[PDB]
>>> print(open('data_29.txt').read())   # compact mmCIF, C-alpha atoms and all ligand atoms
# COMPACT_ATOMS: atom_id res chain seq x y z
CA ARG A 5 34.38 -123.59 17.87
CA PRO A 6 35.31 -127.26 17.85
CA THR A 7 35.26 -129.39 20.99
CA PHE A 8 38.80 -130.27 21.99
CA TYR A 9 40.30 -133.23 23.72
CA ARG A 10 43.67 -133.80 25.42
CA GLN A 11 46.12 -136.60 25.63
CA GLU A 12 49.75 -137.12 26.58
CA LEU A 13 52.12 -138.41 23.94
CA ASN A 14 55.82 -138.66 24.82
CA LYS A 15 55.49 -136.38 27.85
CA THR A 16 53.90 -133.69 25.66
CA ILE A 17 50.25 -132.52 25.95
CA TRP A 18 48.24 -132.56 22.69
CA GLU A 19 44.95 -130.73 22.77
CA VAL A 20 43.29 -130.80 19.37
CA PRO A 21 39.77 -130.70 18.04
CA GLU A 22 37.90 -134.00 18.17
CA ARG A 23 37.84 -133.74 14.28
CA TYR A 24 41.36 -135.16 14.46
CA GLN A 25 41.65 -138.76 15.59
CA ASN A 26 44.27 -141.46 16.16
CA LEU A 27 47.16 -139.15 16.92
CA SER A 28 50.43 -141.01 16.56
CA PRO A 29 53.91 -139.43 16.96
CA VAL A 30 56.24 -139.29 13.92
CA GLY A 33 59.35 -130.95 13.12
CA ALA A 34 61.00 -127.47 12.87
CA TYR A 35 60.52 -125.85 16.34
CA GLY A 36 57.95 -128.45 17.38
CA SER A 37 56.70 -132.06 17.60
CA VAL A 38 54.71 -133.86 14.92
CA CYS A 39 51.95 -136.41 15.11
CA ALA A 40 50.11 -138.18 12.35
CA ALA A 41 46.34 -138.05 12.63
CA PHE A 42 43.12 -138.94 10.89
CA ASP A 43 41.02 -135.99 9.81
CA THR A 44 37.42 -137.19 10.10
CA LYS A 45 36.09 -134.18 8.30
CA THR A 46 37.91 -134.60 5.01
CA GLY A 47 39.00 -138.25 5.19
CA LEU A 48 42.64 -137.11 4.77
CA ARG A 49 45.62 -138.47 6.64
CA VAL A 50 47.28 -135.41 8.14
CA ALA A 51 50.28 -134.31 9.99
CA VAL A 52 49.84 -132.02 12.96
CA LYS A 53 52.80 -130.01 14.39
CA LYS A 54 52.60 -128.47 17.90
CA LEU A 55 54.96 -125.54 18.20
CA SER A 56 57.31 -125.94 21.23
CA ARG A 57 57.07 -122.79 23.54
CA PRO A 58 56.06 -120.45 20.73
CA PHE A 59 56.32 -117.25 22.93
CA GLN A 60 59.38 -118.11 25.08
CA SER A 61 61.36 -115.07 23.84
CA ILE A 62 61.08 -112.41 21.11
CA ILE A 63 62.94 -114.85 18.83
CA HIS A 64 60.46 -117.72 19.29
CA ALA A 65 57.59 -115.37 18.98
CA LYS A 66 58.74 -113.76 15.77
CA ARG A 67 59.71 -117.28 14.36
CA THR A 68 56.18 -118.49 15.21
CA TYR A 69 54.69 -115.63 13.28
CA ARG A 70 57.10 -116.10 10.44
CA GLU A 71 56.20 -119.76 10.03
CA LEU A 72 52.48 -119.19 10.26
CA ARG A 73 52.71 -116.41 7.67
CA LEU A 74 54.84 -118.58 5.32
CA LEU A 75 52.63 -121.60 5.59
CA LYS A 76 49.53 -119.53 5.00
CA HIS A 77 50.92 -118.08 1.82
CA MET A 78 52.22 -121.31 0.16
CA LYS A 79 49.74 -122.85 -2.24
CA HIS A 80 51.59 -125.35 -4.54
CA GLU A 81 51.62 -129.07 -5.01
CA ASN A 82 55.33 -129.48 -4.17
CA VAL A 83 55.40 -127.10 -1.16
CA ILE A 84 53.99 -127.83 2.32
CA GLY A 85 51.10 -125.49 3.03
CA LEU A 86 48.36 -125.20 5.65
CA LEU A 87 45.33 -127.41 5.86
CA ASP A 88 44.29 -126.00 9.26
CA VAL A 89 45.74 -124.08 12.20
CA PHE A 90 44.30 -123.96 15.68
CA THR A 91 44.76 -123.14 19.31
CA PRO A 92 42.69 -124.41 22.29
CA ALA A 93 42.80 -120.83 23.67
CA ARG A 94 39.45 -119.05 23.53
CA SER A 95 41.08 -115.59 23.81
CA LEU A 96 44.38 -113.70 23.15
CA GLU A 97 45.04 -113.52 26.88
CA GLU A 98 44.94 -117.33 27.17
CA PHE A 99 46.79 -117.89 23.79
CA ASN A 100 49.97 -119.92 24.40
CA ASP A 101 49.87 -122.83 21.96
CA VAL A 102 49.87 -123.10 18.09
CA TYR A 103 49.10 -126.33 16.14
CA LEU A 104 49.65 -126.44 12.36
CA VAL A 105 47.99 -129.07 10.04
CA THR A 106 49.29 -130.18 6.68
CA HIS A 107 49.40 -133.26 4.42
CA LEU A 108 51.07 -136.39 5.77
CA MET A 109 53.56 -137.64 3.23
CA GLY A 110 55.12 -140.18 5.54
CA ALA A 111 58.81 -140.46 4.57
CA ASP A 112 61.83 -138.41 3.70
CA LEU A 113 64.10 -138.61 0.70
CA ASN A 114 66.63 -140.59 2.73
CA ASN A 115 63.85 -143.18 3.41
CA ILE A 116 63.26 -143.46 -0.33
CA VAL A 117 67.01 -144.07 -0.89
CA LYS A 121 70.69 -145.61 -5.23
CA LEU A 122 67.73 -144.74 -7.50
CA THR A 123 67.11 -145.14 -11.18
CA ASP A 124 67.42 -142.24 -13.65
CA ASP A 125 63.67 -141.93 -14.29
CA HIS A 126 63.10 -141.75 -10.54
CA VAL A 127 65.75 -139.11 -10.13
CA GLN A 128 64.26 -137.11 -13.01
CA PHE A 129 60.88 -137.01 -11.37
CA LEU A 130 62.12 -136.22 -7.79
CA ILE A 131 64.44 -133.43 -8.81
CA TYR A 132 61.80 -132.14 -11.24
CA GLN A 133 59.38 -131.69 -8.35
CA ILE A 134 61.92 -130.08 -6.04
CA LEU A 135 62.81 -127.55 -8.76
CA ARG A 136 59.12 -126.93 -9.54
CA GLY A 137 58.52 -126.23 -5.83
CA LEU A 138 61.62 -123.96 -5.60
CA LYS A 139 60.55 -122.01 -8.66
CA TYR A 140 57.40 -121.15 -6.71
CA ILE A 141 59.08 -120.43 -3.39
CA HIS A 142 61.79 -118.28 -5.02
CA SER A 143 59.18 -116.23 -6.96
CA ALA A 144 57.77 -115.12 -3.64
CA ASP A 145 61.26 -113.90 -2.79
CA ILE A 146 61.61 -116.67 -0.17
CA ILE A 147 64.77 -118.77 0.05
CA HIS A 148 64.90 -122.26 1.74
CA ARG A 149 68.50 -121.97 2.87
CA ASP A 150 68.68 -125.47 4.41
CA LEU A 151 67.38 -127.74 1.74
CA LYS A 152 68.38 -131.36 2.50
CA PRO A 153 67.00 -134.88 1.98
CA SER A 154 65.39 -134.81 5.44
CA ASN A 155 63.09 -131.95 4.63
CA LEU A 156 61.81 -133.28 1.41
CA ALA A 157 58.63 -135.18 2.34
CA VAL A 158 57.83 -137.94 -0.12
CA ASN A 159 54.75 -140.23 -0.18
CA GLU A 160 54.53 -143.75 -1.52
CA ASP A 161 53.57 -142.48 -4.95
CA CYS A 162 56.96 -140.69 -5.00
CA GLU A 163 55.12 -137.30 -4.89
CA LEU A 164 57.29 -134.69 -3.14
CA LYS A 165 56.76 -131.51 -1.03
CA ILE A 166 59.41 -129.12 0.28
CA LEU A 167 59.29 -128.61 4.04
CA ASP A 168 60.78 -126.04 6.53
CA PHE A 169 61.61 -123.43 3.93
CA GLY A 170 62.03 -119.74 4.95
CA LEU A 171 62.96 -120.60 8.53
CA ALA A 172 66.78 -120.93 8.69
CA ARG A 186 76.42 -129.09 6.60
CA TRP A 187 76.73 -131.45 3.58
CA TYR A 188 74.20 -129.68 1.24
CA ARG A 189 75.06 -126.08 1.97
CA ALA A 190 76.50 -123.72 -0.64
CA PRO A 191 80.13 -122.69 -0.20
CA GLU A 192 79.12 -118.97 -0.01
CA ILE A 193 77.12 -119.72 3.15
CA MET A 194 79.86 -121.92 4.57
CA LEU A 195 82.37 -119.05 4.28
CA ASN A 196 80.00 -115.99 4.41
CA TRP A 197 80.94 -114.74 0.88
CA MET A 198 79.02 -112.49 -1.57
CA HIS A 199 75.53 -111.48 -0.42
CA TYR A 200 74.09 -114.78 -1.65
CA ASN A 201 71.15 -115.25 -3.98
CA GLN A 202 68.32 -117.75 -4.28
CA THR A 203 70.74 -120.15 -5.90
CA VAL A 204 72.05 -121.30 -2.51
CA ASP A 205 69.13 -123.64 -2.88
CA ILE A 206 70.28 -124.79 -6.30
CA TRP A 207 73.59 -125.81 -4.88
CA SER A 208 71.75 -128.06 -2.42
CA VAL A 209 69.57 -129.62 -5.15
CA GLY A 210 72.82 -130.39 -7.01
CA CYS A 211 74.22 -132.14 -3.92
CA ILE A 212 70.93 -134.02 -3.49
CA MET A 213 70.67 -135.03 -7.23
CA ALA A 214 74.30 -136.18 -7.11
CA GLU A 215 73.61 -138.40 -4.13
CA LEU A 216 70.46 -139.93 -5.71
CA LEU A 217 72.48 -140.84 -8.80
CA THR A 218 75.57 -142.28 -7.02
CA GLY A 219 74.28 -143.49 -3.69
CA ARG A 220 77.05 -141.54 -1.83
CA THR A 221 77.06 -138.13 -0.06
CA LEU A 222 78.80 -135.85 -2.55
CA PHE A 223 80.45 -133.66 0.09
CA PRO A 224 80.56 -135.26 3.55
CA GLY A 225 82.66 -132.72 5.45
CA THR A 226 83.43 -133.12 9.17
CA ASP A 227 83.51 -129.36 9.83
CA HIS A 228 83.11 -126.08 7.95
CA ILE A 229 86.78 -126.34 6.98
CA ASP A 230 86.80 -129.95 5.75
CA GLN A 231 83.50 -129.11 3.98
CA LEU A 232 84.93 -126.26 1.89
CA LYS A 233 88.09 -128.46 1.09
CA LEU A 234 85.79 -131.19 -0.25
CA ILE A 235 83.90 -128.69 -2.34
CA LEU A 236 86.71 -127.05 -4.11
CA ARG A 237 88.24 -130.53 -4.84
CA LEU A 238 85.28 -130.99 -7.24
CA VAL A 239 84.62 -127.49 -8.47
CA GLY A 240 88.15 -125.93 -8.37
CA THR A 241 89.40 -123.10 -6.22
CA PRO A 242 87.98 -119.76 -7.25
CA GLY A 243 89.56 -118.07 -10.26
CA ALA A 244 90.38 -114.35 -10.35
CA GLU A 245 86.86 -113.51 -11.72
CA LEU A 246 85.23 -114.79 -8.56
CA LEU A 247 88.08 -113.77 -6.31
CA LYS A 248 87.41 -110.11 -7.37
CA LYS A 249 83.93 -110.39 -5.87
CA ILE A 250 85.08 -111.48 -2.35
CA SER A 251 85.09 -108.73 0.37
CA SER A 252 86.90 -110.44 3.26
CA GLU A 253 90.72 -110.25 3.49
CA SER A 254 90.19 -113.30 5.68
CA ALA A 255 87.99 -115.22 3.21
CA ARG A 256 90.33 -114.24 0.36
CA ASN A 257 93.42 -114.97 2.45
CA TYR A 258 92.12 -118.41 3.39
CA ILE A 259 91.01 -119.33 -0.11
CA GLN A 260 94.08 -118.15 -1.99
CA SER A 261 96.44 -119.59 0.57
CA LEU A 262 95.12 -123.10 -0.25
CA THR A 263 96.93 -125.25 -2.79
CA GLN A 264 95.04 -124.27 -5.96
CA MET A 265 92.84 -126.91 -7.66
CA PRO A 266 91.31 -127.30 -11.12
CA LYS A 267 87.64 -128.12 -11.77
CA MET A 268 87.20 -131.81 -12.36
CA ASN A 269 85.68 -133.32 -15.47
CA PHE A 270 82.20 -134.03 -14.31
CA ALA A 271 81.73 -136.37 -17.30
CA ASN A 272 84.47 -138.48 -15.62
CA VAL A 273 83.27 -138.04 -12.00
CA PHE A 274 79.67 -138.98 -12.79
CA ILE A 275 80.55 -141.75 -15.27
CA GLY A 276 77.64 -144.01 -16.02
CA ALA A 277 75.02 -141.35 -15.38
CA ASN A 278 72.75 -139.96 -18.06
CA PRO A 279 74.95 -137.43 -19.84
CA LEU A 280 72.02 -134.94 -19.62
CA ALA A 281 72.03 -135.25 -15.87
CA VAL A 282 75.76 -134.71 -15.70
CA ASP A 283 75.27 -131.55 -17.78
CA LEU A 284 72.68 -130.30 -15.31
CA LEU A 285 74.86 -131.05 -12.31
CA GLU A 286 77.66 -129.03 -13.85
CA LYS A 287 75.27 -126.09 -14.12
CA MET A 288 74.00 -126.47 -10.51
CA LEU A 289 77.39 -126.92 -8.85
CA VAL A 290 79.18 -123.77 -10.06
CA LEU A 291 81.20 -122.07 -7.36
CA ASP A 292 80.27 -118.56 -8.48
CA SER A 293 76.72 -118.08 -7.33
CA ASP A 294 76.22 -115.45 -10.07
CA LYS A 295 76.65 -118.12 -12.73
CA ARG A 296 74.60 -120.94 -11.14
CA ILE A 297 71.40 -122.04 -12.93
CA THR A 298 68.12 -120.79 -11.46
CA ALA A 299 65.20 -122.98 -10.69
CA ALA A 300 63.22 -121.77 -13.62
CA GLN A 301 66.18 -122.29 -15.99
CA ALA A 302 66.75 -125.84 -14.61
CA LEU A 303 63.11 -126.87 -15.29
CA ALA A 304 63.65 -125.95 -18.96
CA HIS A 305 66.74 -128.20 -19.15
CA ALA A 306 66.62 -131.18 -21.52
CA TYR A 307 67.04 -133.63 -18.62
CA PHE A 308 63.40 -132.88 -17.68
CA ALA A 309 61.88 -133.12 -21.15
CA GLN A 310 59.49 -135.93 -20.05
CA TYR A 311 58.02 -133.81 -17.23
CA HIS A 312 58.54 -130.22 -18.14
CA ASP A 313 55.52 -128.07 -18.89
CA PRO A 314 55.84 -124.24 -18.84
CA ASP A 315 52.09 -123.93 -18.57
CA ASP A 316 52.05 -125.87 -15.28
CA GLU A 317 55.02 -124.57 -13.24
CA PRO A 318 53.27 -121.67 -11.39
CA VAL A 319 54.67 -118.67 -9.59
CA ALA A 320 53.51 -117.40 -6.25
CA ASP A 321 51.31 -114.48 -5.33
CA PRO A 322 53.20 -111.50 -3.84
CA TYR A 323 54.43 -112.15 -0.27
CA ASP A 324 54.71 -109.36 2.27
CA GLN A 325 57.88 -109.83 4.39
CA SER A 326 58.15 -106.28 5.60
CA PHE A 327 57.59 -107.75 9.10
CA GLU A 328 61.10 -109.21 9.03
CA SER A 329 62.60 -105.76 9.34
CA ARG A 330 60.55 -104.80 12.42
CA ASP A 331 61.52 -105.06 16.04
CA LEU A 332 58.47 -105.84 18.14
CA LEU A 333 57.62 -106.95 21.70
CA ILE A 334 56.67 -110.52 22.42
CA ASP A 335 53.11 -109.48 23.00
CA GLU A 336 52.84 -107.71 19.68
CA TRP A 337 54.21 -110.76 17.77
CA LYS A 338 51.82 -112.94 19.80
CA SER A 339 48.91 -110.75 19.02
CA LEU A 340 49.80 -110.66 15.29
CA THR A 341 50.03 -114.45 15.30
CA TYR A 342 46.73 -114.75 16.99
CA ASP A 343 45.18 -112.48 14.35
CA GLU A 344 46.62 -114.84 11.69
CA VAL A 345 45.12 -117.87 13.45
CA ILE A 346 41.68 -116.18 13.56
CA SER A 347 41.63 -115.08 9.93
CA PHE A 348 42.73 -118.46 8.52
CA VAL A 349 40.57 -119.64 5.61
CA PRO A 350 40.61 -123.38 4.76
CA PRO A 351 41.30 -124.54 1.19
CA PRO A 352 38.28 -125.65 -0.91
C1 LIG B 401 60.12 -135.29 5.69
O1 LIG B 401 58.72 -135.56 6.05
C2 LIG B 401 58.46 -136.70 6.75
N1 LIG B 401 59.36 -137.50 7.07
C3 LIG B 401 59.00 -138.58 7.78
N2 LIG B 401 59.83 -139.55 8.23
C4 LIG B 401 59.11 -140.53 8.91
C5 LIG B 401 57.82 -140.17 8.88
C6 LIG B 401 56.68 -140.94 9.47
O2 LIG B 401 55.50 -140.63 9.22
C7 LIG B 401 56.96 -142.17 10.33
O3 LIG B 401 57.94 -142.19 11.08
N3 LIG B 401 56.19 -143.33 10.28
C8 LIG B 401 55.66 -143.96 11.49
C9 LIG B 401 54.59 -144.93 10.93
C10 LIG B 401 54.41 -144.37 9.53
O4 LIG B 401 53.56 -143.22 9.48
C11 LIG B 401 55.83 -144.04 9.08
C12 LIG B 401 57.79 -138.89 8.14
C13 LIG B 401 56.65 -138.03 7.85
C14 LIG B 401 57.00 -136.96 7.12
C15 LIG B 401 55.90 -135.94 6.74
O5 LIG B 401 55.00 -136.11 5.96
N4 LIG B 401 56.02 -134.60 7.37
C16 LIG B 401 55.12 -133.58 6.76
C17 LIG B 401 54.60 -132.71 7.93
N5 LIG B 401 55.78 -132.29 8.71
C18 LIG B 401 56.91 -132.96 8.85
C19 LIG B 401 57.78 -132.29 9.60
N6 LIG B 401 57.13 -131.05 9.94
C20 LIG B 401 55.94 -131.10 9.44
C21 LIG B 401 54.92 -129.99 9.40
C22 LIG B 401 55.24 -128.69 8.85
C23 LIG B 401 54.20 -127.82 8.83
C24 LIG B 401 52.90 -128.12 9.33
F1 LIG B 401 51.90 -127.29 9.12
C25 LIG B 401 52.59 -129.27 9.89
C26 LIG B 401 53.67 -130.20 9.93
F2 LIG B 401 53.35 -131.43 10.43
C27 LIG B 401 57.15 -134.25 8.20
>>> encode(input="data_29.txt", output="structure tokens", more="lines below")
Ligand SMILES: COc1nc2[nH]cc(C(=O)C(=O)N3CC[C@@H](O)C3)c2cc1C(=O)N1CCn2c(cnc2-c2ccc(F)cc2F)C1
Amino acid sequence: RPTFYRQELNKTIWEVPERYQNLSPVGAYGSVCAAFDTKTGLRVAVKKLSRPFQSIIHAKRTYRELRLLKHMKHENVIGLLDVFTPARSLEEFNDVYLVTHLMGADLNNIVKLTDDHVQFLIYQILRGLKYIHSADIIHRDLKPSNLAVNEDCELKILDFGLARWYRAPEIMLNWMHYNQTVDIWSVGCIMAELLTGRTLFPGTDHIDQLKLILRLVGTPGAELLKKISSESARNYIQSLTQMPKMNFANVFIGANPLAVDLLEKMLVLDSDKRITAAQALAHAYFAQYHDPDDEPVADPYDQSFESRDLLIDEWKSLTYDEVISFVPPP
């Protein structure tokens, strides 16, 4: 058991093993410090969960994130380098610290990029989503601020599995029981923005947001309208002035025609017809980077816990178990 030390940073107590030095503040449900990991020589990011057992909700979210981070093993997905608590027993267990790679910027901080840069960033996001989606995990809130990018332009996806401008219309309006392509929609919005410099769909509310979408992609046709349950959703949509799909070749003029093709296939309104991550990786736009032998899928992931209703102390105990049984990477 490591020796721990405490400090105050920004009114919050950090108590971490002495292995980790030079904590400096820089997270989902928590606060994040950069640190130096003496043991491996790596620059790391440490996140301290804020009040991880405040309520059943916090407790089950704490477990959920620990289980997710423990399962993700992929170069473009944040995973666990360490996890620890200063508690020496379950009874005393009230704090959770999670250690991962420090990338040091977000995709906003990298941004108007060149085509070869866009190719490589979106390639990596899609390679990471192929892996996440194969574990039957959806991101649901993919956005430039949770794509962590280092100076080498290497990219990892953060804060997946936990959950305006990058969200799919079928989540804006609560349509057809959505699929993993909600996340494809967001990549399309992100890729657009990298190519043009501008937010594709900067809505001011859920309403303005949907209006901006269908201005690009057209109002739903009868094929998609057939698949909408809500009299309300249908009423709202069909009561709008009806709009055609724009010519993306015209909207994205100047861009690599291969990228415009890809964007058309990511920004389809009908989720059933949107390209998957694995399909997108095979698209000609990524010919320079694509390699079917090096785009892995994930090991089976057990999410049966999600459908259980447990007491705070049970979720806490299960989380503690998961802290104890953590095995470092080689
Ligand atoms: C999107 O990711 C980023 N965005 C940034 N923007 C500014 C940044 C500066 O580091 C920063 O402000 N500075 C200050 C000085 C210099 O370091 C630049 C910056 C850093 C990152 C980054 O690498 N992170 C990875 C770990 N991370 C992050 C959020 N949540 C976690 C996390 C999740 C799971 C876990 F196990 C542990 C965790 F720490 C962010």
>>> residues_near_point(input="data_29.txt", point="(55.4, -123.5, 24.6)", cutoff="12 Å", atoms="only C-alpha atoms", output="NGL selection string")
:A and (16-18 or 35-37 or 54-61 or 64-65 or 68 or 91 or 99-103)
>>> residues_around(input="data_29.txt", residues="residue 277 (chain A)", least_positions_apart="6", cutoff="9 Å", atoms="only C-alpha atoms", output="PyMOL selection string")
chain A and resi 124+217-218+271
>>> closest_residue(input="data_29.txt", among="A:48, A:96, A:157, A:87", to="ligand LIG 401 (chain B)", atoms="all atoms listed in the file")
A:157
>>> atom_distance(input="data_29.txt", atom1="CA of residue 246 (chain A)", atom2="CA of residue 233 (chain A)")
17.0 Å
>>> residues_near_ligand(input="data_29.txt", ligand="ligand LIG 401 (chain B)", cutoff="7 Å", atoms="all atoms listed in the file", output="ChimeraX atom specification")
/A:30,33-34,38-40,51-53,75,84-86,104-112,154-158,167-168
>>> atom_distance(input="data_29.txt", atom1="CA of residue 62 (chain A)", atom2="CA of residue 172 (chain A)")
16.1 Å
>>> residues_around(input="data_29.txt", residues="residue 300 (chain A)", least_positions_apart="2", cutoff="8 Å", atoms="only C-alpha atoms", output="ChimeraX atom specification")
/A:135-136,139,298,302-304
>>> residues_around(input="data_29.txt", residues="residue 200 (chain A)", least_positions_apart="6", cutoff="8 Å", atoms="all atoms listed in the file", output="CSV table (one decimal) with C-alpha atoms, keeping the file's coordinate frame")
chain,number,residue,atom,x,y,z
A,192,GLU,CA,79.1,-119.0,0.0
A,193,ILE,CA,77.1,-119.7,3.2
A,293,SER,CA,76.7,-118.1,-7.3
>>> residues_near_point(input="data_29.txt", point="(78.7, -119.2, -3.1)", cutoff="9 Å", atoms="only C-alpha atoms", output="list in words")
residues 190, 191, 192, 193, 194, 195, 196, 197, 198, 199, 200, 201, 203, 204, 207, 290, 291, 292, 293 and 294 of chain A
>>> residues_around(input="data_29.txt", residues="residue 143 (chain A)", least_positions_apart="2", cutoff="12 Å", atoms="all atoms listed in the file", output="list in words")
residues 78, 136, 137, 138, 139, 140, 141, 145, 146, 147, 202, 298, 299, 300, 317, 318, 319, 320, 321, 322 and 323 of chain A
>>> write_last_selection(input="data_29.txt", atoms="C-alpha atoms", output="PDB file, in the frame of the given file")
ATOM      1  CA  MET A  78      52.220-121.310   0.160  1.00  0.00           C
ATOM      2  CA  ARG A 136      59.120-126.930  -9.540  1.00  0.00           C
ATOM      3  CA  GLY A 137      58.520-126.230  -5.830  1.00  0.00           C
ATOM      4  CA  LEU A 138      61.620-123.960  -5.600  1.00  0.00           C
ATOM      5  CA  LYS A 139      60.550-122.010  -8.660  1.00  0.00           C
ATOM      6  CA  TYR A 140      57.400-121.150  -6.710  1.00  0.00           C
ATOM      7  CA  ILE A 141      59.080-120.430  -3.390  1.00  0.00           C
ATOM      8  CA  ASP A 145      61.260-113.900  -2.790  1.00  0.00           C
ATOM      9  CA  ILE A 146      61.610-116.670  -0.170  1.00  0.00           C
ATOM     10  CA  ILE A 147      64.770-118.770   0.050  1.00  0.00           C
ATOM     11  CA  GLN A 202      68.320-117.750  -4.280  1.00  0.00           C
ATOM     12  CA  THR A 298      68.120-120.790 -11.460  1.00  0.00           C
ATOM     13  CA  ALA A 299      65.200-122.980 -10.690  1.00  0.00           C
ATOM     14  CA  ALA A 300      63.220-121.770 -13.620  1.00  0.00           C
ATOM     15  CA  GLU A 317      55.020-124.570 -13.240  1.00  0.00           C
ATOM     16  CA  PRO A 318      53.270-121.670 -11.390  1.00  0.00           C
ATOM     17  CA  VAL A 319      54.670-118.670  -9.590  1.00  0.00           C
ATOM     18  CA  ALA A 320      53.510-117.400  -6.250  1.00  0.00           C
ATOM     19  CA  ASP A 321      51.310-114.480  -5.330  1.00  0.00           C
ATOM     20  CA  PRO A 322      53.200-111.500  -3.840  1.00  0.00           C
ATOM     21  CA  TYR A 323      54.430-112.150  -0.270  1.00  0.00           C
TER      22      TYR A 323
END
>>> closest_residue(input="data_29.txt", among="A:117, A:151, A:235, A:89", to="residue 344 (chain A)", atoms="all atoms listed in the file")
A:89
>>> atom_distance(input="data_29.txt", atom1="CA of residue 47 (chain A)", atom2="CA of residue 81 (chain A)")
18.6 Å
>>> closest_residue(input="data_29.txt", among="A:226, A:250, A:24, A:69", to="residue 49 (chain A)", atoms="only C-alpha atoms")
A:24
>>> axis_aligned_box(input="data_29.txt", around="region 219-234 of chain A", padding_each_side="6 Å", output="JSON")
{"center_x": 81.2, "center_y": -134.8, "center_z": 3.1, "size_x": 25.8, "size_y": 29.4, "size_z": 25.5}
>>> decode(input="data_29.txt", residues="region 39-51 of chain A", atoms="N, CA and C atoms", output="PDB file, in the first residue's frame")
ATOM      1  N   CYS A  39      -6.400  16.982 -12.349  1.00  0.00           N
ATOM      2  CA  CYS A  39      -5.050  17.526 -12.166  1.00  0.00           C
ATOM      3  C   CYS A  39      -4.094  16.797 -13.099  1.00  0.00           C
ATOM      4  N   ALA A  40      -3.100  17.504 -13.601  1.00  0.00           N
ATOM      5  CA  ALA A  40      -2.014  16.825 -14.261  1.00  0.00           C
ATOM      6  C   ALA A  40      -0.993  16.489 -13.173  1.00  0.00           C
ATOM      7  N   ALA A  41      -0.242  15.431 -13.431  1.00  0.00           N
ATOM      8  CA  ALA A  41       0.738  14.942 -12.482  1.00  0.00           C
ATOM      9  C   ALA A  41       1.878  14.224 -13.163  1.00  0.00           C
ATOM     10  N   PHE A  42       3.008  14.096 -12.448  1.00  0.00           N
ATOM     11  CA  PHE A  42       4.095  13.285 -12.935  1.00  0.00           C
ATOM     12  C   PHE A  42       4.159  11.933 -12.235  1.00  0.00           C
ATOM     13  N   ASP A  43       4.169  10.875 -13.022  1.00  0.00           N
ATOM     14  CA  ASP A  43       4.109   9.547 -12.447  1.00  0.00           C
ATOM     15  C   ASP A  43       5.566   9.080 -12.376  1.00  0.00           C
ATOM     16  N   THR A  44       6.147   9.148 -11.181  1.00  0.00           N
ATOM     17  CA  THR A  44       7.543   8.760 -11.004  1.00  0.00           C
ATOM     18  C   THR A  44       7.820   7.339 -11.385  1.00  0.00           C
ATOM     19  N   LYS A  45       6.815   6.480 -11.300  1.00  0.00           N
ATOM     20  CA  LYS A  45       7.075   5.068 -11.445  1.00  0.00           C
ATOM     21  C   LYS A  45       7.253   4.683 -12.901  1.00  0.00           C
ATOM     22  N   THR A  46       6.550   5.379 -13.795  1.00  0.00           N
ATOM     23  CA  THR A  46       6.592   4.971 -15.195  1.00  0.00           C
ATOM     24  C   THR A  46       7.246   6.028 -16.061  1.00  0.00           C
ATOM     25  N   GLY A  47       7.408   7.233 -15.517  1.00  0.00           N
ATOM     26  CA  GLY A  47       7.957   8.371 -16.234  1.00  0.00           C
ATOM     27  C   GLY A  47       6.915   9.123 -17.055  1.00  0.00           C
ATOM     28  N   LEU A  48       5.673   8.626 -17.022  1.00  0.00           N
ATOM     29  CA  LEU A  48       4.558   9.176 -17.828  1.00  0.00           C
ATOM     30  C   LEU A  48       3.954  10.422 -17.209  1.00  0.00           C
ATOM     31  N   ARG A  49       3.515  11.342 -18.072  1.00  0.00           N
ATOM     32  CA  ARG A  49       2.734  12.470 -17.624  1.00  0.00           C
ATOM     33  C   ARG A  49       1.282  11.998 -17.634  1.00  0.00           C
ATOM     34  N   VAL A  50       0.599  12.168 -16.498  1.00  0.00           N
ATOM     35  CA  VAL A  50      -0.703  11.585 -16.310  1.00  0.00           C
ATOM     36  C   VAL A  50      -1.709  12.565 -15.933  1.00  0.00           C
ATOM     37  N   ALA A  51      -2.979  12.196 -16.126  1.00  0.00           N
ATOM     38  CA  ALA A  51      -4.043  13.008 -15.624  1.00  0.00           C
ATOM     39  C   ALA A  51      -4.781  12.259 -14.545  1.00  0.00           C
TER      40      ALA A  51
END
